[PDB]
Every structure is written in structure tokens, then in C-alpha cells.
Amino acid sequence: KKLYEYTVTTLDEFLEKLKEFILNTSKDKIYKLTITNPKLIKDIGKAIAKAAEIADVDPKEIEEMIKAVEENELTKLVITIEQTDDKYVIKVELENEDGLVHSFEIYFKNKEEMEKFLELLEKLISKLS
């Protein structure tokens, strides 16, 4: 069981760490990526929400995640990418200056579906100018 944490300060860093996660050979692996640049928070949060829409995640969950991404005084996005036990999950936490955190999970049935989602996220982030 391995937990890695990174502070992500550019879009290229975000793409690099998704790659590192996929290529990590551990059976049980967790990467936690922290983003504090509000412009990058919105870029990446909107990309996750769009990827979730394409993946047919619960529409009300996506609507709530967009609400969090659009909220005033956003200060932190934390993305936890987890493969452990029988679970394949991405957790999204959006935090504001007042310390209020909204959290969301996106589950996958297997490893292949999770890596396909991560590749979708990379494609969406790559389109950004």
C-alpha cells in the first residue's frame, strides 16, 4: 500500500502525474494531487466534470460538482486517484477560504475503465491553450 502526494502547479505537471499513476506497478496505489491556483482549479475541475458527463456519471452529482467548481473564494482542489483492494475510485475535493469542503466520488468497475477515464481527462486538459 503506497500513498504519494504532489502539489501540482502547472497543467503539464498534472498530465505528468496522471501518467506516473498509470505506470506505477503497485497493486495498491493512491496518488493525491493538490492544486491551489484558482485558474487551474477551474480548468481541471471542469475537465473532470466533462469527463464524468461523457462517462454517464449521475447527472445530479455532476451538477453539484460544477456548483462547487464555480463557487466564490475557491482555494484548493484535491484529487485522490485510488486503486486499492477491490476499488477503483477518483475522489474530488473542492475547498474554499472558509474551510468548507465539498467532496465527490467517481467509481469504476475495473482498472481498464479507470485508465480510460484518466486518458479522457488528459485529452480534455491537452485541448487547453
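The numbering used is simple: start at 1 and walk along the sequence shown.
Of the two stretches examined, 27-35 and 68-76, the record assigns the greater average C-alpha temperature factor to 68-76.
The PDB entry assigns the greatest CA B-factor among 55, 94, 48, 81 to 55. Residue 115 sits in the middle third of its chain by CA B factor, as recorded in the PDB entry. When the CA B factors of the chain's modelled residues are split into thirds, the value for residue 87 lands in the middle one.
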